[PDB]
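1. sequence, then structure. It's an experimental one.
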Amino acid sequence: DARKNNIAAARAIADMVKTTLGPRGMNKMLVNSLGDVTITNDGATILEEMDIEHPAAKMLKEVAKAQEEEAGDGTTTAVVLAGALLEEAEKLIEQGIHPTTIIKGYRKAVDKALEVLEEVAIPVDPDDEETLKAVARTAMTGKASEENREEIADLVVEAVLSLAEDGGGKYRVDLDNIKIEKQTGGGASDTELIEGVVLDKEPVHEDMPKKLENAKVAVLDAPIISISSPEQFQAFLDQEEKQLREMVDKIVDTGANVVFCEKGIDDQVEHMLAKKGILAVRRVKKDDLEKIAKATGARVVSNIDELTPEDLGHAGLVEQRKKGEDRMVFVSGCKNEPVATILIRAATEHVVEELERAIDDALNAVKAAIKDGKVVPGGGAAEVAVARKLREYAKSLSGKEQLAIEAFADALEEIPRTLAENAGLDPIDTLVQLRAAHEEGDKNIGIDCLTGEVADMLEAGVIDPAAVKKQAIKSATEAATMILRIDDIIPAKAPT
Amino acid sequence: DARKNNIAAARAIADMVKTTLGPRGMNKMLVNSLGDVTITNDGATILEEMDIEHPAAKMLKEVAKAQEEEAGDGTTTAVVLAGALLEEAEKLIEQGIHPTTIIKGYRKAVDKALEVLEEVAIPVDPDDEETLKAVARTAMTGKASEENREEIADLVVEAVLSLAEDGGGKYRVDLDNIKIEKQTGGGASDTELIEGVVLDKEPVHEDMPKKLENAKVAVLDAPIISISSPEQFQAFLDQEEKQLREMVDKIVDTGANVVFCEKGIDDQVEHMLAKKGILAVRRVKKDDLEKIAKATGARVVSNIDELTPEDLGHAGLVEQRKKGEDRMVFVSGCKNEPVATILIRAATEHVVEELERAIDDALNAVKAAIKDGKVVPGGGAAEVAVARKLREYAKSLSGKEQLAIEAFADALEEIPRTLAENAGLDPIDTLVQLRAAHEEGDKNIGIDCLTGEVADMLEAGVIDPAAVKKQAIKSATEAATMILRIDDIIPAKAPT
Amino acid sequence: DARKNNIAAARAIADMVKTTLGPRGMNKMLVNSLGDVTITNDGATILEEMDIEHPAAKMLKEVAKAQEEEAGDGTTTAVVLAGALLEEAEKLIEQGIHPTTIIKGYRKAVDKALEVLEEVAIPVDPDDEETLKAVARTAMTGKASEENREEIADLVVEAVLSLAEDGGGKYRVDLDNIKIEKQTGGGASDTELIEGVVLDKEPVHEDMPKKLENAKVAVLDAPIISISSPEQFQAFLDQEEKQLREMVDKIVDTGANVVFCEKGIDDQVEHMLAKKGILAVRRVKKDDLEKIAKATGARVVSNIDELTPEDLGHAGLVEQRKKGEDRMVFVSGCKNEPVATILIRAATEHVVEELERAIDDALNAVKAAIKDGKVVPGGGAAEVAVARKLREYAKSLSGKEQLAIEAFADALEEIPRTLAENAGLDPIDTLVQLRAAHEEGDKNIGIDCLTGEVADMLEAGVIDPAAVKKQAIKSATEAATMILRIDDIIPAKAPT
Amino acid sequence: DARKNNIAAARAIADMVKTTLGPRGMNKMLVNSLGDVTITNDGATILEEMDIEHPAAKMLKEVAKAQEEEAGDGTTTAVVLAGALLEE
Ligand SMILES: Nc1ncnc2c1ncn2[C@@H]1O[C@H](COP(=O)(O)OP(=O)(O)O)[C@@H](O)[C@H]1O
Ligand SMILES: Nc1ncnc2c1ncn2[C@@H]1O[C@H](COP(=O)(O)OP(=O)(O)O)[C@@H](O)[C@H]1O
Ligand SMILES: Nc1ncnc2c1ncn2[C@@H]1O[C@H](COP(=O)(O)OP(=O)(O)O)[C@@H](O)[C@H]1O
Ligand SMILES: Nc1ncnc2c1ncn2[C@@H]1O[C@H](COP(=O)(O)OP(=O)(O)O)[C@@H](O)[C@H]1O
Ligand SMILES: [Mg+2]
Ligand SMILES: [Mg+2]
Ligand SMILES: [Mg+2]
Ligand SMILES: [Mg+2]
């Protein structure tokens, strides 16, 4: 029963990632043969760098990748939904229903599920500050410490509004646009708008001018013998330094005094650069070098011989500030475009990475909320409501597809059960309470794991975007279906 | 019993590929030692990159290759028919019939099978749009999602009609003639007629002219020291750039400004090509480079010294459009011939490959329908009708060949049984229903796996080209025959 | 698959007993741990004293016992028919038909098969001597040597007619009524009507009167110390002989002079019996003693004290004839009832037992023919005719019971296939020839294994009573059905 | 119970470093495959260069490093407190 084997592998991954769904998501420990350990709770990492020899499991990598690509959030919801869906699918196969009937029933159930989620979702304008803060806090949830939730949410909404590039309504609040720097210790209160890309490298030379207002900023990427007579070696050294003088002189004619180079340096090179007072940062990555080129306005010039004054950028300020322990060049004043890197502070490296993922997911969610402008109650409320309407549809329909639709309803209902279980509440009792509440006509009663009770989600500020839940359902459906559609494992010829 | 061993291997492959026959064919997962996984359901792939140590099984590779070469559709049908034929052959040798008598009976059976398939087939004009759409949907069936069936069928017929090169009645609608590009995400609605081969490569230089109306397009394939004195190296560099200047100058005298090169480039090379505004795409394969040469009209010039203005092609437009995520040069306006590559969009990589195979099979089927102009009802209806007339022939013939012909009829009837089994219906009951229906005189009652019932195929739009089924029967017979003709495995001297 | 296991066991027994069906039945060799060996070919013995650990096979003991009880002929036919029925049942479960549908189909098949056999059977009067001889030869076939077939058939019909006790039409030709004796060597020409039960024991005393015309025959069953003074032993002996004297005196007053006693004797006892000239045979079994009591007319007297002249029987003659090697008392002249034992001569012990079984089967078959007065052509002709009419019924009936009906027809045709295989002819060719013949309207064309061809059975004298075939089909049906009706093996509590 | 395993590893480390808390802290010895030996009682060193395959224990490396970075004193107090906290 290779299908049973694949279902078992998907079940194993689903139960593995089940425990990390919610504000109290019990984190997970990723250990590799090299011995490096990173503690994370966001499901994207746990699906990213885990070992999977089972190839049916290996498809869930692709499922999570697609989820992250379109939405960027809800991967753990998608995987848990897929787990519950394959639970009930296996349940229907031992009863006797053919798999294709299960697939057809799940397809119909999910079409009506997206339709139901469209109806139930409450709309939001982009000016109701409390609602945006609630969405930001709900997405922020899971990873950040309980203390700094209000602070990071406030900074998130502040950055989103202040850097709101009104590109015809759709604000281009990209992940690489908001300005943070990474550093151990201190706190999260350094997530401020510093108008420029800050590099985590020290100045090469002490007497290099640390302060340069309205500096002529340049961006470069190029890396900055046969002897016969006794003085021939000195002659070669003379002509290399002469041509070096020539290139840096035609650079100075353009006026460049601040440079960030993609490659390494040499002691003599940095010495003669600082002779004229030229900044040079080395080993600058491709992505961050491109970001710096966009921000500073100095186009990357591989062939530096054609550099002109028109090719140079400008920055309002460049400064070396001894913030914290490490030394950095706090570049500030890149006035062309809002461009930045996802580098954020915390106390210890695990917390640094956790807060990095948290802020990334936070901007993702508020961006989705602003774009789509539809928010659905979270905390399992949307799942229970869609399950109830799916059961109404089951009452409407008849046949052995009704069993499949009921299976889909139960699998969708599984998510609030997990969210309650990670909260410490008993799953069956609180889930029955949720069902009974939703049978009274109200729609926003969910589970709040911060308070550890069942309450109105709208008053508790627990709301997730509609689109993230739509894609969670869609990806879970596509995972369950394409894992069901397999029959047997066969050895495939390796491409030579 | 080495014959029994070969039969067992053929049965193993037949049962492996049986499950992937029909609209609801449960897909198969091809896993290799490298760990790459591709989900496929078209039997051609499953027979192509599977490991087969058994040589009797290895012959079915050649059978499938022949099937794809002549027909291009029906490898799964051919292999399942061969499996069923060897099923009943194994029975008949169990009874006591000598193998040569089984071969004789099978040969006569398939002669009359091709004859009756010729008579039963309903003819089609190339102007009955609904019939062509039905054929395209039936062949399209199997691999695409249920949502985009009508869409992709519409684009298939639209491309076939619009690119109908009337070459004396036989329209040259080749697989490499219709214009699609491959890209992750988006949808299948980009399968439009873009009159030119679009390359999935970015421009080398930003300031390279993205827009060039009526551009002079060229096609190239060539790849674009002892020091004594201090300046000998500089003189060598000077003469290399001088001859580079010379060859590109006599190129510019021809007027070429758009180039697609077969080999790599260098940073200085792309810099000095973009100095004059010359497009250059690298690492273009042999096949797609030949396609570009055919489309653009610029003959491939290995010895570029003989390039002349007469040798240059022309294109109405070349444009870089940021469609989706990947940056590509959307070349459009190649006015000489309709030429393109089989590269098609979808959501994820597995789905991308699935719809690529689907669209390829779709054009193959409509091409076969337009060429032959004879369509047979699908859904197993043709199989049942041919089996019924074969049983009439059995009633005519007396002797021990009658048992072989009845064996052929049962093996042929196995296809509708498989098609019902993959649909979820019980095989024996629906098979008996099909036989009873065909005994009433009507000919089009089959199995529709979308609706999951038995219905008239002609009103359900489930119809296959007659040539595809003819070649399926013929290839299955030649597989079963020449697998039966073997006696024993012996070690053969390896060629030194 | 314990049902598959039971089917396999029944298959093994069916194939074991298949080879002994017909005139040319390859005999079977029964060897036991004691080392005694008996060569037999009647399937009755083969099913009786074979070892079977498998319980499902152990049921076939009961099937064969029932067959012998009702019919007395056709155990091998029943077992082979059960084997072929389970052949086709196993294939039908392979296709997917539920077992209960097969049971229902077989029930309907066998109701109609009994009806068909009733119609096809040709009637016979009890005075057509050639027809009775043909029936006797057909039944006697299988076991008797080819030389003495005509002879033993002639004696069979002669004994049946001469000992025809007209009990209201139903002649009581019992197996224990016709007079034969067993003795090694000689020949079968001693199967003559000797009017009396003849006991394989020598006279106890030489001077015992061997010849006694109109002898007063008696039948008995009873078996024919403290010392103080020297002569007390002698007085005890005197009174024992005195009481012996008075009991044999009151016997002599009745007049008995011939006795056949159930128990042993003593030297003095036989001496004083022969003093007056009294015959005494010892160790006569229960069955043969009861037979002698019936034949001689002397009721068995446990308490001999009440024996009277009225209680004595009479016999026309008693004689000791030194026929062959062993010495014997050829008792002849028991005038009350025809009573005898199944003891028959041949050359060797194996041939003795073979001839005994063959003659018993011959009287059984001729008795059945006289009783029922309906005879069907044998040699597989009846099976093929019933199969053809069953196929006509299948053409009448529509549904999945038609498949079961066809299964029953093929399982019924398997009998002529076996009968041809044991005859040396090729099975498929002669089966096809038989089917073609029966399709031309004639109904008596069968297989004659003596001539080794296919010919009309009625002119070949190959005809077997209809009731035997009816019971064969019925027993095979019950066997196949109740073997199919089992699910799995469970350990049963042993009764304490 | 992988949580029980992690708690057991943390307990083992806590009990190991428990004995070196105070003026009369019984010192510990650090022996490596090279054979070099250093006698130390400050828990910083003890948590510094000890072999720990268990990764849950390997987090206590980072805990001690944070402690030394901010405070510079109290690594043994922190680890013993963590041990007692995980006890209860
Ligand atoms: N404050 C909250 N209280 C209770 N449940 C919450 C809260 N915030 C979010 N959730 C639940 O957590 C789910 C998202 O979990 P999360 O782990 O953040 O997703 P992902 O792992 O994909 O980032 C939401 O669908 C919602 O039901
Ligand atoms: N719409 C349909 N409904 C039911 N059966 C279909 C339908 N379309 C095709 N089929 C069946 O599937 C067969 C072709 O299966 P397919 O897997 O496409 O072949 P291949 O694997 O060789 O491409 C046809 O011969 C037909 O009997
Ligand atoms: N002379 C014959 N020639 C050919 N077949 C015969 C002949 N006599 C009997 N048979 C076949 O043998 C069958 C009976 O076989 P037999 O072994 O005698 O049964 P059993 O073992 O029960 O006594 C009959 O049904 C008939 O078809
Ligand atoms: N003179 C003392 N008498 C008793 N206890 C002491 C004394 N000095 C320090 N302590 C205890 O030892 C603790 C610090 O132990 P120590 O091993 O020095 O810490 P660390 O190993 O981090 O340097 C203090 O919290 C205190 O309770
Ligand atoms: Mg989330
Ligand atoms: Mg096909
Ligand atoms: Mg018999
Ligand atoms: Mg201290």
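-> Sure thing, it's come through. Numbers count the residues shown, from 1 in each chain, chains lettered A, B, ... in the order given. Ligands and ions are numbered 1, 2, ... in the order given.

2. from chain A, which residue is nearest to ligand 2?
-> Residue of chain A nearest ligand 2, by CB to the nearest ligand atom: residue A:100 (12.0 Å). C-betas here are computed from N, CA, C, even on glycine.

3. what sits up against the one helix or strand that residue maps to?
-> Per DSSP states H and E: residue A:100 is located in helix A:99-120. The contact list for helix A:99-120 (CB atoms under 8 Å, 6 or more residues apart in numbering or on different chains) reads A:3, A:85, A:89, A:92-93, A:376, A:382, A:385-386, A:389-390, A:393, A:400-401, A:403-405, A:407-409, A:412, A:443, A:466, A:469-470, A:473-474, A:477, A:480-481, A:484-485, B:24, B:26, B:146, B:422-424, B:449, B:452.

4. rerun at 7 Å
-> Residues from elsewhere that reach helix A:99-120 (CB atoms under 7 Å, 6 or more residues apart in numbering or on different chains): A:85, A:89, A:92-93, A:376, A:382, A:385-386, A:389-390, A:393, A:400-401, A:404-405, A:408, A:443, A:466, A:469-470, A:473, A:477, A:480-481, A:484-485, B:24, B:26, B:423-424.

5. what's the burial count for residue A:398?
-> Neighbour count of residue A:398, defined by other CB atoms under 10 Å in any protein chain shown: 8.

6. which helix or which strand is home to residue A:468?
-> Assessed by DSSP H and E, residue A:468 sits inside helix A:466-484.

7. ok, and the closest non-adjacent residue to residue A:380?
-> Leaving aside its chain neighbours, residue A:380 sits nearest to residue A:416 (2.9 Å; criterion: CB to CB, 6 or more residues apart in numbering or on different chains).

8. check contacts around the one you found.
-> For residue A:416, the contact set (CB under 7 Å, 6+ apart) comprises A:380, A:383-384, A:431, A:434, A:447.

9. ramachandran angles for the residue nearest the centre of chain A?
-> Centroid-nearest residue in chain A: residue A:360, 4.5 Å away (criterion: CA atoms, centre = their mean). Main-chain dihedrals, residue A:360, degrees, to the nearest 10: phi -60, psi -50.

10. measure it to chain D for me?
-> Distance of residue A:360 to chain D, given as CB to the nearest CB, to the nearest Å: 22 Å.

11. follow-up on the earlier one: which among the contacts of residue A:416 gets closest to ligand 3?
-> residue A:431 (71.5 Å).

12. chain neighbours aside, what residue packs nearest to the closest one?
-> residue A:417 (5.3 Å).

13. okay, now that neighbour: neighbour count?
-> The local packing of residue A:417 (other CB under 10 Å) involves 21 other residues.

14. just the one 3 residues further on next, same as before
-> Using other CB under 10 Å as the criterion, residue A:420 is surrounded by 26 other residues.

15. how about the one 5 residues further on?
-> By the other CB under 10 Å criterion, the neighbourhood of residue A:425 contains 18 residues.

16. tell me the SS of it?
-> At residue A:425 the chain is in coil, as set by DSSP: H, G, I helix; E, B strand; the rest coil.

17. for ligand 1, what's its nearest residue on chain A.
-> Counting by CB to the nearest ligand atom, chain A gets nearest ligand 1 through residue A:76, at 3.3 Å.

18. residue contacts, residue A:287?
-> Residue A:287 sits next to no residue when contact means CB under 7 Å, 6+ apart.

19. now the helix or strand encompassing residue A:252, how far from the centre of its chain.
-> Element membership for residue A:252 (DSSP H and E) is helix A:232-254. Computed by CA atoms, centre = their mean, to the nearest Å, the chain-centroid distance of helix A:232-254 equals 46 Å.

20. helix or strand right after the helix holding residue A:468?
-> Next along from helix A:466-484, by DSSP H and E: strand A:489-491.

21. what residues sit buried inside that following strand?
-> Going by neighbour count (16 or more other CB atoms under 10 Å in any protein chain shown), the buried part of strand A:489-491 is A:489-490.

22. right, is that strand up against chain B?
-> Yes: remark: strand A:489-491 sits within contact range of chain B at A:489-491, by CB under 7 Å from any CB of the partner chain.

23. where does residue A:274 sit relative to residue C:74, distance-wise?
-> Counting by CB to CB, to the nearest Å, the gap from residue A:274 to residue C:74 is 117 Å.

24. those two: which has the busier surroundings?
-> Taking neighbours as other CB under 10 Å, residue A:274 and residue C:74 compare with residue C:74 leading, 29 against 18.

25. how about the more buried one: what's its closest non-neighbour residue?
-> Residue C:74 sits nearest to residue C:472 (CB to CB, 6+ apart), 4.0 Å away.
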